[PDB]
Every structure is written in structure tokens, then in C-alpha cells.
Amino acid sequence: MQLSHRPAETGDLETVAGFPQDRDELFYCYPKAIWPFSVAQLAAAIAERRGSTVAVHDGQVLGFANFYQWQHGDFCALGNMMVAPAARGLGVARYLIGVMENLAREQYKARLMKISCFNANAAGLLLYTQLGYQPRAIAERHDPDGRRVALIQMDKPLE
């Protein structure tokens, strides 16, 4: 996979908003969103957040991420990670995580990245583990059905 990155642009929003395939996938990456996802919801997040970035391969936008918390000299928290359904498990998330780590270090002088992952997303938990993130706490949250879920709060020093 040859991959590149650039800041997200308005022209990318229809594409990226197409990435979540079901209510679960949307909840794992943007729990405040309501199904069905839309460009308006995506743009609302982008406006409130920082560092919205896309990953590109062979002319296709395949991934997106941003920060929902950022604290200069301290840490950032990574969210809205979305990957195109045809490109799952091909290293797009791993690549974007690395890009966002660099951006947190370089731009925000962060010493730490925080990643919070919902308990049902095994693939996320195992990826973040492979990338050196360790679990620190578990917090209660609720899903759209009012069911209790566990948010596993992980972090990694940036160096």
C-alpha cells in the first residue's frame, strides 16, 4: 500500500461520510452521531475539532481521522477514525495513526496520545495494542439503545 496524507477538504466529505457501514461502526468512531450518517454531521465534527486528515492511495480517499481533544505540551486524543469498506485491514488506520502521532508531537508538542475505544471493537483494541497503546481506565458510556458499554481508555507516549 503506497499511502499519502493531506488535510481533509470539503470535496472529501461525501466520500468519508460513506465509510461507516452500520450503526455499530458509526458509534465506535463518532458516538454522538445519529444514524444515518451525513455530510452535515461530519462537517459539524470537523468544525469543533482539529487536525482533520485524510489518507490517499491510488487516487482514492481511504481514511480519515482527527483530534477531539488537544492540550498543547500535553496530549491529543484521536477520534473519528474511519476507513473505506474496500480497504479494511490494509494498514490504512495504522498509517493514519502514525501520521496523527507525528502531528500531535510536531504541532501540539504532545507527550502522549490518548485513544479511547469501545469494548465491542476488538479489532481496534488489538490494533492499538500492536501500536504500543496501553489501557489505563475503563469508563461507562451508553449506546443509542440506552445499553451500557465500556470505553477502554488507552494511551501511548510519543517521544
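Don't overthink the numbering: it's just position in the shown sequence, from 1.
Engineer: Could you settle it for me: does 113-121 or 91-99 have the higher average Cα B factor in the PDB entry?
Structural biologist: In the deposited entry, the stretch with the higher C-alpha B-factor mean is 91-99.
Engineer: Given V54, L26, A40, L126, identify the residue with the highest C-alpha B factor in the PDB entry.
Structural biologist: By C-alpha B-factor in the record, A40 ranks first.
Engineer: Lowest, middle or highest third: which one holds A65 when the chain's residues are ordered by CA B-factor from the entry?
Structural biologist: Its C-alpha B-factor, which the entry lists for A65, ranks in the lowest third among residues of this chain.
Engineer: Would you check the entry's CA temperature factor for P144 and let me know if it's in the chain's lowest, middle or highest third?
Structural biologist: It falls in the top third of the chain.
Engineer: Using only modelled residues of the chain, where does the Cα B factor of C76 rank: lowest third, middle third or highest third?
Structural biologist: According to the entry, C76 has a C-alpha B-factor in the chain's lowest third.
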